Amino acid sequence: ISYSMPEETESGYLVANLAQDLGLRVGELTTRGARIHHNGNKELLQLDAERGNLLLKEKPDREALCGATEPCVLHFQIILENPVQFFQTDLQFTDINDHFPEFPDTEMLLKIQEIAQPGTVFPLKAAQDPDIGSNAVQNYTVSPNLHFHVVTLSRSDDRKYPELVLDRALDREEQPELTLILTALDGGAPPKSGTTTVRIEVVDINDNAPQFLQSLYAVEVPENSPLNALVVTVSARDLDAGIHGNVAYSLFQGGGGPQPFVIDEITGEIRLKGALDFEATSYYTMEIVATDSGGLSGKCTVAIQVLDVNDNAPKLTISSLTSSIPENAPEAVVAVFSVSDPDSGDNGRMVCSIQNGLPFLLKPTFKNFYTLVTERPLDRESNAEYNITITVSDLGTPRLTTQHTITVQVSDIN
């Protein structure tokens, strides 16, 4: 004979009316010297022989008695002596939902990279439940968010294990860290729950390119500026963090000609490497390029205009027509000369002068092109030779003067 009864029933519960089930008289139970025999460690059942009833001595717990084995049936044998008779009886215990779903870890750590595409699965630790069947784990739900959703798998021996599925791509630049609530629901009535915290750490991915604060840099620097002069400092910013955010500055020269400028890849400072000359090159158009450790780059145009400095003296060049000059020759051209100046503005503008005492005349024929002509015929006895010191001088600040001497002799017939 076999009897069935729910788990965790209070001790002293009336199991079965043994007297009626055996079809024997009430006094016969104590008459035959009814005893109970079993190899169990604990005597779960005590026999009331006077009323012929089978009673529980202690409160049973299925998980501690059977555990994983199902059905939980305990076999024992009751013996009678008058006459000698044996009766094997089995007792089955129906499992109840008296266990709450418990997660292994109080928090689960997930480090998901930013470029993780939707549909990507992530394994989660399952909630365990010592119960059996519908009283065990049945459902898994995740706290309402816009990124993930959990799905339950009944793989293998019908043991349910949850895994998290991504639906919308992550972004560390928007939300660095996620915190979800993983809830496990039982299939019993009423259902039992078990909650844990899913900690999602979004790993940074270099998906952002560095950009300069200014698209154009325009700075003026004098020609006579000292070596290692701070021309301009350039700054670029990256939206990413760590090594993925570090930038490296590189100088791209424009067209031909050497660039006397150097950039620091770290600080972003542009400084003088060589010499500057407004007369050689007055305007530089270059491009600074900041690049991360990934290859993503940003570019900016830097324009540097050199300032003019009066550091050039006028170049006086003279070609003589007549080494000697007749006495009674009116209006004679002694020599013709031209002046030069690479500078600009008043630094390039130049006025030339001659001694006022000399009977000669400077006649400006062409632009920066003068002629030295005698103003009147000359006698020999007065002055044999003449030292004419032409002095060309610019109108800049400071003023630079260049002068040259020519000797002209007046001569009649030999």
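Start at 1 and count along the sequence shown; that's the residue number.
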| item | value |
| --- | --- |
| Mean C-alpha temperature factor, higher of 316-324 and 86-94 | 86-94 |
| Higher-scoring stretch by recorded Cα B factor average, 69-77 or 169-177 | 69-77 |
| Residue with maximal Cα B-factor (values as given in the PDB entry) among 221, 263, 184, 333 | 184 |
| Residue, from 233, 259, 154, 214, that the PDB entry assigns the highest Cα B-factor | 154 |
| Chain-relative CA temperature factor third for residue 134 | highest |
| Among modelled residues of the same chain, the CA temperature factor third for residue 273 | middle |
| Chain thirds of CA B-factor: placement of residue 101 | middle |
| Among modelled residues of the same chain, the CA temperature factor third for residue 352 | middle |
| Chain third (lowest, middle, highest) by recorded CA B-factor, residue given as residue 372 | lowest |
